[PDB]
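For reference, the chain that follows is the form deposited in one PDB entry, supplied as structure tokens.
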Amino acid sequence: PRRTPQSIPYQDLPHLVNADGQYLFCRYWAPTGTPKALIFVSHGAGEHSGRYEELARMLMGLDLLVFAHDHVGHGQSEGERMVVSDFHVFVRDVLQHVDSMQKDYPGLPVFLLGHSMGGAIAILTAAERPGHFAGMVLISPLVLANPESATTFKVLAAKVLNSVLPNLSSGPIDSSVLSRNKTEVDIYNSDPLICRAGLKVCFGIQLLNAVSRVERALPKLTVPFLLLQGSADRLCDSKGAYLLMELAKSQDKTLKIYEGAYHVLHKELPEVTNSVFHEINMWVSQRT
């Protein structure tokens, strides 16, 4: 019997099969009635759909049907951990899952919510179906490579390394930079479904593919979006959020900055987390 990397059978778990025959674990948060709209939740690197529990519960509370899967190589889905053949696998797999739910709930609007790498995936998802999605919620999305370590030299070097040692990794990224809320850094550090191993060069390069593709997609992007960004984010610099507001052609685009906040705004200090949930609530309410 096919098992998750944690050794639980796929027979017992909500799942789907991708174009490459891999099993992706699925979560659903369905309202009692016929829902107003659908929203797919797109998690980031090293994490999984289960971290979106509170956000999903709140969005179901608004009569939306929330759905998600664990990306290839993440959480309860198959694949070598935090590697991907090409970054477009993540996007293809979101579009597979979206098309399936729309056949089941036709003539409904569909939204995207993405954080970090998941925001990159949300943007590329909407860029490939221009005019299809009703709205996009981005929490500190990946849009921009850190400029000190994205030099002509350090990219070529990365590519040369990839061709010899694709599995070569740097240290684990200091997880203290995720959130000022030390409880949430402790919850991250003790969740068995999170991969905290160092990033491999082959994955490093696919994240640069994502950055390049997001930046080239920004000028042709017209989907409504809410963008939430922390000023002291050491993983996705606040500059990238400003760039998204400059280059996107979307007529309906809103930026909120959280002064002094780190990367995981939905798991930040309660003052920030509550404002984040409230603003996602308000923005989705008005557009449904």
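Superpose the two forms; the largest set of C-alphas matching within 1.5 Å is the rigid core. Only residues modelled in both forms are compared. Numbering starts at 1 and follows the sequence shown.
There is another form of this protein, the form deposited in another entry, and it is not shown here; the text below is about that form.
Comparing C-alpha positions between the shown form and the other one after a rigid core fit, one residue in 177, 211, 150, 187 moves 2 angstroms or more. It is 150.
Relative to what is shown, residue 155 and residue 143 are farther apart in the other form; their C-alpha atoms differ in spacing by at least 3 Å. Annotation: residue 153/residue 141 CA-CA distance shorter in the other form than in the displayed model, change of at least 3 Å. For residues common to both forms, superposing the rigid core between the shown form and the other one reveals a single consecutive run of 3 or more with all Cα shifts of 2 angstroms or more, at 145-160.
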